[PDB]
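Below sits a lone chain in C-alpha cells, taken as the form deposited in one PDB entry.
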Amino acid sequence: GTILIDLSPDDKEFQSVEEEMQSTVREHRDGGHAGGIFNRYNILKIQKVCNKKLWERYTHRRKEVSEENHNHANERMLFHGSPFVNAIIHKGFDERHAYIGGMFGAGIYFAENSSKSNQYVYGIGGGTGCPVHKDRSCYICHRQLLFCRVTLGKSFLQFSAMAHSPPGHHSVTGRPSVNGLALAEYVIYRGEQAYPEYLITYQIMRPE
C-alpha cells in the first residue's frame, strides 16, 4: 500500500526537511569510523511516504498515548538510519527493526542528529560500509535515511555518556551527559509509535 511522492526542491516542505538534515550534522567521537568523514550532505531526493494502513496504525497508538498523558502525544520529528529502510517504508516499524544491543535495551532508536542516524545506514557501527566499495566513508554510493514522526508520550529520562518501556512511560530519552554538542536520542518499544514520513536519499560530502 505504500506510495512514494517526490518533493520538488522548490517546495517549502523539501526545503524544511533538508534544513533539518544539514543543520543537525555534528562531529562524532569515532572520528568518522562508523558514518564517514563529512560536514554536510548532497541531498539527491526527498520523498513523502504515504501508506494509509500504516498511518492509521500510527494515529490509533498516538491517541492511546495522548489519553494516557494528559492529551499530549509528545510527538517529535526524528531521524532513523537502517539497512532495512525498504522494509520499513512498506510494512512499518516492527520487532525486526529493533537494535537488540542498544544502550537502552532492545528497541527502535531515533536521533535528533541526522549524522547519528547516518552511522547506522550500513549496519550497527556502520557494518562493512557501502555494499559496492565496502567503505563506511563512501562518497559515491547513495545512502538513505528516514525522517519520522515519533510519539514519545511520557519519556523516561536517562542521563548518559522487543523490550518494554519503563513502567508508566512510553519511551526512553538518552540525554547527552559528557559531549556538550550531541543532541538527544530516543527509543520506542512499539513499532506503531513511529511513522516513516520522509525518505531522504543522499551522499555524504568529502570536506574540502
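The first residue of the shown sequence is 1; numbering continues from there. Note that the rigid core is defined as the largest set of C-alphas that superpose within 1.5 Å between two forms.
In the other compared entries of this protein that model both flanking residues, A161 lacks coordinates in at least a third of them. The stretch of deposited sequence separating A161 from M162 contains 1 to 3 residues lacking coordinates in this entry. Checked against the record, the higher mean CA B factor of 6-14 and 188-196 lies with 6-14. As the entry records it, the average C-alpha temperature factor is higher for 123-131, out of 77-85 and 123-131.
The entry lists C-alpha B-factors for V150, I46, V178, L183, and the highest of these is at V178. Sort the modelled residues of the chain by CA B factor and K63 lands in the middle third.
Annotation for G32: CA B-factor lies in the middle third of the chain's modelled residues. Ranked against the other modelled residues of its chain, the C-alpha B-factor of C138 as given in the entry falls in the middle third. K154: CA B factor in the lowest third of modelled residues in this chain (values from the PDB entry). Per the PDB record, residue ranking by Cα B-factor puts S171 in the lowest third of the chain.
Omitted here: the form deposited in another entry. The next part is about that form.
Only one candidate in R76, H97, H72, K91 has its Cα displaced by 2 Å or more between the shown form and the other one after core superposition: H97.
Once both forms are overlaid on the rigid core, the distance between the two CA positions of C50 between the shown form and the other one is under 2 angstroms. Positional change of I140 between the shown form and the other one stays under 2 Å at the C-alpha, relative to the superposed core.
With the core held fixed, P167 shows a CA shift below 2 Å between the shown form and the other one. Shown here is a form in which the CA atoms of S137 and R96 lie at least 3 Å closer together than they do in that other deposited form.
In that other deposited form, the Cα-Cα separation between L181 and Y186 shrinks by 3 Å or more relative to the displayed conformation.
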